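Residue-level structure breakdown
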Amino acid sequence: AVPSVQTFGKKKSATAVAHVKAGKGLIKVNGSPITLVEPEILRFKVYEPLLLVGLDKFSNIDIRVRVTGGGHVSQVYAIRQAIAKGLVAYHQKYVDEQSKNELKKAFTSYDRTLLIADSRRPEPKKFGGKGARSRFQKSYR
Amino acid sequence: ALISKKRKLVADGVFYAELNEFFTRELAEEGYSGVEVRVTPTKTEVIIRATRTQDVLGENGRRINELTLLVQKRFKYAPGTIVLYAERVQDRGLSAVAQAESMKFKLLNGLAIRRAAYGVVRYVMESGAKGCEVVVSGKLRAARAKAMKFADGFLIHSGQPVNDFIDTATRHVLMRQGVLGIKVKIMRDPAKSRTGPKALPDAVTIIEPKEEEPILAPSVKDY
Amino acid sequence: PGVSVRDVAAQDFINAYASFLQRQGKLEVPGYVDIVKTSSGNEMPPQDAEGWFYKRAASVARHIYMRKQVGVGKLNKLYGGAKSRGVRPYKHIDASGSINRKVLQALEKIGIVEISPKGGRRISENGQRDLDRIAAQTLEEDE
Amino acid sequence: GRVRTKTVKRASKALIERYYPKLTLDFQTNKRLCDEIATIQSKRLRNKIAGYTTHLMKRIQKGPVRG
Amino acid sequence: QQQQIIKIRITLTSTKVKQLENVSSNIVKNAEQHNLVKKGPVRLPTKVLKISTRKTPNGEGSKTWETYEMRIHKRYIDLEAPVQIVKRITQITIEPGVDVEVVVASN
RNA sequence: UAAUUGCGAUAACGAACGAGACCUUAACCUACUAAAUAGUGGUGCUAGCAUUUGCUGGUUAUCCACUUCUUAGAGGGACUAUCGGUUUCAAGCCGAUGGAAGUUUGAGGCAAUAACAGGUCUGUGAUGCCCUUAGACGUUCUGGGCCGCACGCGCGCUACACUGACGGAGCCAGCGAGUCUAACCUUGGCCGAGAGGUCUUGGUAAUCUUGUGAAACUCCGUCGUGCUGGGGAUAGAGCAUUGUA
């Protein structure tokens, strides 16, 4: 058997856990599920990628994260990569890898640099100034 | 929820800070070098480092016992916990503070400045460091103000990987004319360091190639 | 036949609880309502002149079941309003304690929340009952 | 910008000048070869030198160079 | 009746970790010597000690600043073993740190 | 080119400091493998949309396993790496790329010789000189002022709703902070619209405060065309806290 696989990272205000243990299809991130979530305000990011793969896609995948995080837009940007991971992993290790790779090559130009390593952060604040790069105004004579 | 540790991890710092400051203040005539302390069960393994250990030892009870009693009463330990004992110095000519106090005495005993000044750096380069310099501020005549200096060998300053093998010794002297300040920063060899990064980042070395082989057909012999 | 795993909605739930508890009149409001300013950091008092107590009751009920524990300090700090503090940068400041104390006492008199270990109080066995049979199915048939 | 200093070119010269006939054009293989051979304390130079070495190897393969 | 169970938490004061690896190797060896079940060490986040100050005796002139930090780490390990082997680290092979601190910690 | 960074005929040759090299932080590995401090599964399962044992409170030696939720304790991180143009065709430089990245991968630290009559005798208990040392410029206790204002000068918050509030929905994630010569964090209960008296894990911090529980932002109704949820300068009463005052 396998106790736990490894994967984790840091969103702009959320973190990730390798708690994707064995399930039977359903997907729920305990804060914005697929079934009973109802935001009906900004669903473009879920209308975009779920076109020609299948709508149910509940076979043997289940994102079951005990902990949680996020802010006001980190959550939408986190469920974005969550559904990306779900779609790719549902076809990688269960449905045929032919289906996975053809679906990926179809969805080539839809991962807006979603495969990069986590290196997107703001900058620290430089001293002697008000903002980050901004500097205080001088006192000429 | 029983939650405090920065109150004591910094006490560990300020402890030997104050101690080595007091030692630099008191142990002048010896030519002091420094300390090193380790924490163990009911015995703080403390060591001082010295070049004239016989003087500070005295007649096995002239100074060490009273130093132990001083450090005892400073904190109210149990007499028997602390254990203050000296230790011989390796590379005696390399202790920057030692050479600084040496030059201090060579100045205060009434000797010409430049003679002993180049003498001590010649001596340490003979001992075999990588390089060293010396600078002295203040005045050396009925004059305004000057800053004499000189060096030999090679010197580097600066970046991150200089701090490991560069030394520092900035000291003062209170003469009849006015306060003067000397500074020395001896740079020791990198190869004989035996601790930490040996080679410089600038440095680089390439091992030698292999051996040569003529044609040598497979086999035609009697066996 | 009961509450699902996570059946939830927002403003419809709030208005439903409000209009449902309006015609009951079993809240037993204290009496000093509609004089307070809701916080020590409000710009002006409420303008409805009749309500908002019910709305805050519905609000706290809209996550007494969503979350395990609860706290009066947490409920105040949730909407510790921003003070228009004169010629000064604004700052958030905690809400009124009396309003939350009294609405919590009224909810306890009704029997929704009960003192319990692991911090203060907790949604009651009446909450278990109503998410089982009565309030779950009532909200199902109402929406 | 993408410009090299003294010591990298010096190391490249002294490296090829005793190991011409090895170190294939692949940059990762050049990396592993220089790691096996030399001991470059500057761990970033250990990877920087490989690019210039393979560049000079491409140059000599195209044709002779000066010096 | 010897060979008991304690699940004792023992403290230690240092900052490096190679001594901890040596101690774990030694206790794993002594536990394998008489088939005793091991226990993993403690693990915690790092830390930083910010002290913002000026770079001048008097505050005239420029407005530079300075900060520096530390990373000292006392540790404590949770070992399941009896007293006769708990007391062996400070005795057998004395080196800087490879010791044992007497303390009760099982409730 | 970031450059005394390199190419180069060269009365130059061979070396040093600076540059650079270097350290810190934002970085992935299905690992060497780690922590009842995040806590994890089959939780044996127990009260919760049923002929959907997975979780909601949790079983404080609940399993074989522990990092899978932080981390480095480490180590490999991944460089002009290919095409075009482009100059003794060598330095070097712009586009196309698959991709951790492609002004130096971003930013910070580290700083050359020679100087300034630059600031600091008010950090010194570091001092050369003179002054004071018994009617004290030494030190200590009571009270004022350093916040005083006819007038100018230099930072910074509020302001001219229409792109401005009230009841609510996100309180979730982020670098900090807290004692055996005892006063720091506040949890739910009570009257409290600024404090106050409770008992709580609290003084060797992923454990408790804060699950690091802010506002910014949007809509259900009420708010309008100004001097109304743009104004709050300047003043008058009252309830209070800290501190000997």
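Structure determination for this PDB entry is given in the record as cryo-EM, at a resolution of 4.2 Å.

To continue, consider the overall build of chain D. For chain D, the helix and strand inventory stands at 3 helices and 0 strands. Mapped from its N terminus to its C terminus, chain D presents α and β elements in the order α-α-α. The C-alpha radius of gyration computed for chain D amounts to 11 Å, which stays within 12% of the reference 11 Å derived for 67 residues, consistent with globular compactness. Referenced to the eigenvectors of the C-alpha coordinate spread, the extents of chain D come out at roughly 30 × 25 × 20 Å. Looking at chain D alone, contacts between residues at least 24 apart form 55% of all its contacts between residues at least 6 apart.

Another point: the protein's contact with RNA strand F. Taken together, 141 residues lie around RNA strand F, and A:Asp118, B:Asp202, C:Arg101, D:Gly1 and D:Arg4 are the ones closest in. A distance of 2.9 Å separates a sugar or linking oxygen of RNA strand F from a polar atom in the backbone of B:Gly159. At 2.6 Å from a phosphate oxygen of RNA strand F is found a side-chain nitrogen or oxygen belonging to C:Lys74.

Bringing the sheet that holds strand β6 (residues 169-174) of chain B into the picture now. All names here are of chain B. Read from one edge of the open sheet, 4 strands run β5-β4-β7-β6, paired in antiparallel fashion. Whereas interior strands pair on both sides, the edge strands pair on one side only; in this sheet they are β5 (148-153) and β6. On average, each strand axis in the sheet is inclined to that of its neighbour by 10°, with strand direction left out of account. Inspection of the sheet shows strand β4 (residues 131-136) paired to β5 by 6 bridges, in the antiparallel sense. Within β5, the residue paired with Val134 across the bridge is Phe150. Along the sheet face, helix α4 (residues 96-108) touches β6 and β7 (179-184) and points at about 20° away from the line of β6.

The next subject is a positive patch on the surface. All names here are of chain C. Side chains of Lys37, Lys83, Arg85, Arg88 and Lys91 sit close together on the surface and give a patch of like positive charge. With respect to the helices and strands, the residue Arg88 is situated in the loop between β1 (82-83) and β2 (91-92). Overall, the relative accessible area of 52% leaves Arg88 in the exposed class.

Another point: the interface of chain B and chain D. The parts lose accessible area when they come together, and the size of an interface is often stated as this lost area. Chain B puts 11 residues into the contact, and the matching count from chain D is 11 residues. Counting the contacts that link chain B with chain D gives 1 salt bridge. B:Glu208 is paired through a salt bridge with D:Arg18; the nearest N and O atoms lie 3.9 Å apart. Along the contact surface separating chain B from chain D lie 2 residue pairs in polar contact. A per-class count over the side of chain B that touches chain D returns 8 nonpolar, 1 polar and 2 charged.

Judged by side-chain charge, A:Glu38, A:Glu40, C:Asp7, C:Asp12, C:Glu140, C:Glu141, C:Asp142 and C:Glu143 come together as a negatively charged surface patch. Broken down by element, the residue count for the negative patch peaks at 3 residues, all from helix α6 (residues 134-142) of chain C. Here A:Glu38 shows up in the segment before α1 (44-47). Judged by its relative accessible area of 39%, A:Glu38 is partly exposed.

Below, the discussion takes up the nonpolar core. Membership of the largest hydrophobic core comes to 14 residues, with the highest contact counts inside it found for B:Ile206, D:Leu23, D:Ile37, D:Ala38 and D:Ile49. Of all the elements in the fold, those that place two or more residues in this core are α1 (6-16), α2 (27-37) and α3 (45-62) of chain D. When sequence neighbours within four positions are dropped, the list of residues in contact with B:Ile206 reads D:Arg18, D:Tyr19, D:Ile37 and D:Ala38. Ranked by size, the runner-up nonpolar core spans 11 residues in total, among them B:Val121, B:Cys132, B:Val134 and B:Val184.

What counts, and at which threshold
Residues numbered from 1 in each chain as written, not as in the entry; some residues may be left out. Chains lettered and ligands numbered in written order. Part of a larger assembly, values for the part shown. Heavy atoms only, no water. Helix = DSSP H or I, 4+ residues; strand = E, 2+ residues; numbered from the N terminus. Rg over C-alpha atoms; globule rule 2.2 N^0.38 Å. Contact = heavy atoms within 4.5 Å. Near = heavy atom within 4 Å. Polar contact = N/O pair within 3.5 Å; in protein donor to acceptor, adjacent residues only side chain to side chain. Pairing = 2+ DSSP bridges. Axes fitted to C-alpha atoms, helices over the stretch in contact; angles between N-to-C directions. Patch = residues over 30% accessible without salt bridge, like charges linked within 9 Å, V, L, I, M, F, W, Y side chains within 5 Å. Areas by Shrake-Rupley, 256 points an atom, 1.4 Å probe, with all protein chains shown as cover. Salt bridge = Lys/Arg side-chain N within 4 Å of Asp/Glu carboxyl O. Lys, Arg positive; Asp, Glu negative; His and termini not counted. Charge placed at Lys NZ, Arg CZ, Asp CG, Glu CD. Buried < 20%, exposed > 50% of the residue type's maximum accessible area, 1.4 Å probe, protein only. Nonpolar A, V, L, I, M, F, W, Y, C, P; charged D, E, K, R; others polar. Core = buried A, V, L, I, M, F, W, Y, C linked by side-chain atoms within 4.5 Å.

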